[PDB]
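A short worksheet on the structure shown next.
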Number of protein chains: 2
Amino acid sequence: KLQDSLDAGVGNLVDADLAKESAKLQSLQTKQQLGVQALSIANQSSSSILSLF
Amino acid sequence: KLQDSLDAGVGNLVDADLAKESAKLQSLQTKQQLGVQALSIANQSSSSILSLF
């Protein structure tokens, strides 16, 4: 019983809560796609003054 | 007879009625799977605004 107690304790110290991780993964993936789109939008800005000449 | 009565009293004090526990187990498993589906639907919420950009 004491060994099972130490195993449950080590699991309480280290084990991750994966159900949080799935939601944070989905949010971070959507944020990555939005950041790539924002990078393209920022990249377009330089060409607007090409029409000036 | 007095020992039999004391054992019956201890059983009345601590023992559980498992027939209620069976229906509670079925309802709780169904509620757990429904909560997992609700969690997935909550995780999908962020994706809708990618279409706007």
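What you see below is based on every heavy atom in this structure, not just the backbone, and it leaves out hydrogens, waters and symmetry mates. Here is the naming used below: chain letters follow the sequence lines, and residue numbers restart at 1 for every chain.
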- request: Applying side-chain contact (heavy atoms from CB on, under 4.5 Å), run through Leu39(B) and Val36(B) and close with a yes or a no.
  value: CA-CA 5 Å; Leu39(B) 181 47; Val36(B) 174; 5.5 Å; no
- request: Measure the CD-CG distance between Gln32(B) and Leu25(B) for me, rounded to the nearest 0.5 Å.
  value: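 Going from the CD atom of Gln32(B) to the CG atom of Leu25(B) covers 10.0 Å.
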- request: Could you tell me which residues satisfy side-chain contact (heavy atoms from CB on, under 4.5 Å) with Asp7(B), sequence neighbours excluded, listed by chain and number?
  value: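 Scan of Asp7(B) (side-chain contact (heavy atoms from CB on, under 4.5 Å), adjacent residues dropped) gives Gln3(B).
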message: Using the side-chain contact (heavy atoms from CB on, under 4.5 Å) criterion, which residues pair with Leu34(A)? Sequence neighbours excluded.
response: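 By the side-chain contact (heavy atoms from CB on, under 4.5 Å) rule, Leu34(A) matches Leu50(B), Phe53(B).
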message: My understanding is that only residues two or more places apart in sequence, or in another chain, count here; which of them pass side-chain hydrogen bond (donor to acceptor under 3.5 Å, both in side chains) with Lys24(B)?
response: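 Here the qualifying residues are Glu21(B).
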Partner residues of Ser40(B) under the side-chain hydrogen bond (donor to acceptor under 3.5 Å, both in side chains) criterion, sequence neighbours left out: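 Here no residue qualifies.
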- request: Could you list all the salt bridge (charged side-chain N to carboxylate O under 4.0 Å, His left out) pairs where at least one residue sits in residues 39-50 of chain A, not counting sequence neighbours?
  value: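 Sorted pair list comes back empty.
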query: Which residue pairs pass the salt bridge (charged side-chain N to carboxylate O under 4.0 Å, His left out) test with at least one member in residues 28-37 of chain B, sequence neighbours excluded?
result: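 Salt bridge (charged side-chain N to carboxylate O under 4.0 Å, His left out) check on residues 28-37 of chain B returns no pairs.
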Side-chain donor-acceptor distances from residues 12-19 of chain B under 3.5 Å, at least two apart:
{"from": "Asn12(B)", "atom 1": "ND2", "to": "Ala8(B)", "atom 2": "O", "distance (Å)": "3.1"}
{"from": "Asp17(B)", "atom 1": "OD1", "to": "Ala19(B)", "atom 2": "N", "distance (Å)": "3.0"}

message: Can you pull out every side chain to side chain donor-acceptor pair (under 3.5 Å) where at least one residue sits in residues 44-53 of chain B? Sequence neighbours excluded, please.
response: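 Qualifying pairs, neighbours excluded: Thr30(A)-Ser46(B).
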- request: Supply the members, apart from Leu2(A), of the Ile/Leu/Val/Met/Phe/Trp/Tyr cluster built from side-chain contacts under 4.5 Å; use none for a lone residue.
  value: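 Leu2(A) clusters with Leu6(A).
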